[PDB]
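# Reading the structure
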Amino acid sequence: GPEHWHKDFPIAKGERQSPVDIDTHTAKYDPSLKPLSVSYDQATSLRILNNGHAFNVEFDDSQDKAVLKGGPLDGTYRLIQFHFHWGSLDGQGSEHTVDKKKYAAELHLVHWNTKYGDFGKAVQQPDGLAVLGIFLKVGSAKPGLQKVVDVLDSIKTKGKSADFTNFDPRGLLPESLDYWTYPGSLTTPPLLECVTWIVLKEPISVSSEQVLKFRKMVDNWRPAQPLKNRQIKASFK
Ligand SMILES: [Zn+2]
């Protein structure tokens, strides 16, 4: 596991690895950051599948039917999938941290830069993927989330999948798209340094009834990585 990733994947000791802690004092507000555009009105989900590390909802990236522009990014990024990381106890579970503070879970909406013509060729570049990072606090319910948790048992174990259509990812957004952003990597192997992270300040809510159905596979995240030379910029003053 994570301590012995550097064996098979030596990018793991790299100068741009993710996730990172976000000490808010140093995270200086950049006003050249345009604001965050999200066109998901024609997002076409295909499958939900437990891959024996987490569960991924797959999307149709055949054309610009669900795209991410603005923020720090040059061009159009296509939604390809989203998946979660989550813990055992609930004061642990998120990949990223804020002043060392940790959420129950983190939701990662993954997009790839159409400059490069598919995910395969995108993952090979520094500006290849843009990953939209959203925290989960446990609290008020999430109707957006409810359509997911429902079907979690028709994929109990590693390898099982399902049809999963007309899922609307905009149900997973918070009311504030204020964000920190830094250059980083996949949090899981192959840990490729091909990612412009977009971590949102505002978490969403999920009910206790929702986090328990997500286990009935725990602590499936990765420790804070060294920030090295990198600046974290912030969209909010
Ligand atoms: Zn992830």
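Residues numbered from 1 in each chain as written, not as in the entry; some residues may be left out. Part of a larger assembly, values for the part shown. Heavy atoms only, no water. Residues with missing side-chain atoms left out of burial classes, pairs and counts.

- Structure determination for this PDB entry is given in the record as X-ray crystallography, at a resolution of 2.68 Å.

- As annotated in the PDB entry, the protein carries the name Carbonic anhydrase 2 and is attributed to Homo sapiens.
- Listed in the archive, the entry goes by the title "Protein-aromatic foldamer complex crystal structure".
- Per its UniProt entry, the protein bears the Sequence similarities comment "Belongs to the alpha-carbonic anhydrase family." (UniProt positions renumbered as here; feature names shortened; annotations may be inferred.)

## Some details on the pattern of salt bridges
- The shortest N-O distance in the salt bridge between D60 and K65 comes to 2.8 Å.
- Close ionic contact of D127 with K115 constitutes a salt bridge, the shortest N to O distance being 3.4 Å. Of this pair, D127 sits in the loop between helix 1 (119-122) and strand 7 (129-138) while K115 sits in the loop between strand 6 (105-113) and helix 1; the two residues are 12 residues apart in sequence, bridging distant segments of the chain.
- Each of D41, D168 and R170 takes part in a single network of salt bridges with overlapping partners. (Salt bridge = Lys/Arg side-chain N within 4 Å of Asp/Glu carboxyl O. Helix = DSSP H or I, 4+ residues; strand = E, 2+ residues; numbered from the N terminus.)

## A closer look at the packing of aromatic side chains
- Arranged with centres 6.1 Å apart and planes meeting at 50 degrees, the rings of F55 and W86 form a pair that is tilted. Taken together, the residues span a long stretch of sequence, with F55 in strand 3 (residues 55-59) and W86 in strand 5 (residues 77-86) at a distance of 31 residues.
- The interplanar angle of 10 degrees and the centroid separation of 4.2 Å between the aromatic rings of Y103 and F135 together place this pair among those described as stacked. One end of the pair, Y103, is in the loop between strand 5 and strand 6; the other, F135, is in strand 7, with 32 residues separating them in the sequence.
- Here the aromatic residues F55, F59, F82, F84, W86, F164 and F167 are joined through ring pairs into a cluster of three or more.
- Positioned over the ring face of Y103 is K101, at 3.6 Å from the centre of the ring. (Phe/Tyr/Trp six-rings, centres within 6.5 Å; stacked < 30°, edge-to-face > 60°. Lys NZ or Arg CZ within 6 Å of the ring centre and 35° of its normal.)

## What about the UniProt feature "binding site: Zn(2+)" in the protein?
- As annotated by UniProt and renumbered to match this structure, "binding site: Zn(2+)" occupies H83, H85 and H108. Judged by maximum C-alpha separation, these annotated positions cover 26 residues in sequence but sit close together in space, the widest gap being only 8.3 Å.
- Checked against the element boundaries, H83 lands in strand 5.
- Other than its neighbours up to four places away in sequence, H83 contacts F55, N56, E106, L107, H108 and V110.
- A polar contact is formed between the side chain of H83 and the side chain of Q81, at a distance of 3.2 Å.
- As for its placement among the helices and strands, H85 is situated in strand 5.
- Apart from the residues lying within four places of it in its own chain, the contact partners of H85 are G93, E95, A105, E106, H108, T187, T188, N220 and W221.
- Among the polar contacts listed, one links the side chain of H85 to the side chain of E95, at a separation of 3.0 Å. (Contact = heavy atoms within 4.5 Å. Polar contact = N/O pair within 3.5 Å; in protein donor to acceptor, adjacent residues only side chain to side chain.)

## Focus: the pairing of strand 9 (residues 179-184)
- The sheet contact formed by strand 9 and strand 10 (residues 195-200) spans 6 bridges and is antiparallel. Within strand 10, the position partnered with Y182 by the bridge is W197.
- As judged from the 2 bridges shared by strand 9 and strand 12 (residues 233-234), these two strands associate in the antiparallel manner. Within the sheet, the bridge partner assigned to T181 lies in strand 12 and is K233. (Pairing = 2+ DSSP bridges.)

## A closer look at the environment of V38
- Within the element layout of this structure, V38 appears in strand 1 (residues 36-39).
- With residues near it in sequence (within four places) discarded, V38 still touches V67, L68 and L173.

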